[PDB]
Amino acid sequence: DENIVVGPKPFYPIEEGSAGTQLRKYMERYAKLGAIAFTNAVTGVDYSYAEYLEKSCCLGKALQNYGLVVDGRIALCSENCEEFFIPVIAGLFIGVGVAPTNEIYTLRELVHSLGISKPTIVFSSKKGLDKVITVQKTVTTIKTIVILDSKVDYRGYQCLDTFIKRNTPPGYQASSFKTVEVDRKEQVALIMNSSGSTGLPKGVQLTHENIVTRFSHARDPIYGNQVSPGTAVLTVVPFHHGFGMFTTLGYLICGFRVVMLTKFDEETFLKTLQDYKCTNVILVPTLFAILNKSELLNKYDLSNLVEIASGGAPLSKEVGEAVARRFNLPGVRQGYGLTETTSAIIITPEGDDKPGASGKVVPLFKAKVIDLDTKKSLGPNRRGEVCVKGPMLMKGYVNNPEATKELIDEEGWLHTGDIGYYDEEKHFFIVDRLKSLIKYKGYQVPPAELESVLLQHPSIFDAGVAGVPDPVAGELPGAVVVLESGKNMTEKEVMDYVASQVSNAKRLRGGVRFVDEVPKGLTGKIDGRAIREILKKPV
């Protein structure tokens, strides 16, 4: 079938050994070099590769001495912090599955998530502690809570350093520690949760084979970023999420300095770029609003920045192109993936640009676009559902065979739930989620296309679009808008503006509501249910 798009061979073949063995190999190289692995942009704290590797090895041994066996389970519950990956790496080193979660989860989300992954130990931030203690009242199999981001015991709980000290031989040498080999294709490495689900979180099981495949992409000269001392990546992406997890682990394989930024004001962003001589940025497109508006760019030395990359949510072509222009870059690089595909499976290839494109199929993957009704494959420039297949496909959801069957079909193709198309040169364009399409009469209007128009308005800081129920037409497109500081637009002004830029079908017949924050999930996808609720309330 000539409609199937097949990714090329990777420059670097997948290496032997577990994901833990590969991380240990590379981290030890950069440790001996003397390089910095993690930096907190706001506090300036650094962890060298040597320190990060040593603590990860020591924690691995500590978890074994505690009594965890291969295929056991631990979890994190933490906002981004520079210590986040110590339990992740330790788990990978010893064959103990790791379930990352974020402090920002609601209690309903967290109790469900940890109830599925069933961690023996939870590594909690100070901020997340109360939620973890609450969850433990329901998920009574959580034996121990360890404080991740404290150098001292806290509220009666051992901190990470204490847990390590109490569970290792005095004078234990990390250099003696051995990574544990596993059955790579079968052994669960991570249990992940997607953002923006309409239901409660499912546990996505990712294997070592999934992760070592990612490691080839991450360092690829075309589909990743190359090893080069002094590379510093400013990252704003949630670490617990696949987007933050697999970019960050990839950057460690690459030897980069991971410059973790948790404050998103323009001044801190730009100061961070300058002060740490950042070469790369990785973000969710929500951050572009600040960059296109900033009047401060030439106050900072931004000469080191050579790449801005976006993922997780639709990026307006025009917004991205304006930001690339401001930073004098050729374009914004992009990746597209799902938690269930480990990482990005469509990435903009270096040297193979196309305006508006999401990118091309990554090495070792295949992709097709199917007709929404017949499920048959489509040629170029035909919209339908993107389907993918390749060695980063998850093992399956935890204890949910029905959901697995719905996602990955009888021919092994993962149905992404996204609308897209590919052009004659095989560049893929991801439009929006199928579930988000607004059924106005016989049209299927993608909110992202209307959101793009709204974001392009200089008085509109943010926007989200969803469908208002309508007896005659089914659904009407409506918008929730956040105005820029000091600016006003009426509902009519917004509607008339949009009407001047779009087809008749795409008019905001469902109206406009003004809010302080557009409801979105943790990686920037619009919360359609929440938007519909706002639009339903009378002004």
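When you see a residue number, it is the position in the sequence shown, counting from 1.
Higher mean CA temperature factor, per the PDB entry, when comparing 282-290 with 188-196: 282-290. Once the C-alpha B-factors are averaged per stretch, 234-242 and 403-411 rank with 403-411 first. When the C-alpha B-factors of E493, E28, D46, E54 are read from the PDB record, the largest value belongs to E493. The residue among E266, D71, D130, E385 whose C-alpha carries the highest B-factor in the deposited model is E266.
Sort the modelled residues of the chain by CA B factor and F514 lands in the highest third.
When all modelled residues of the chain are sorted by CA temperature factor, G312 is found within the lowest third. The deposited CA B-factor of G95 belongs to the lowest third of values across its chain. In the deposited entry, the Cα temperature factor of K441 places it in the middle third of its chain's modelled residues. Looking at the C-alpha B-factors along this chain, the one for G337 belongs to the lowest third.
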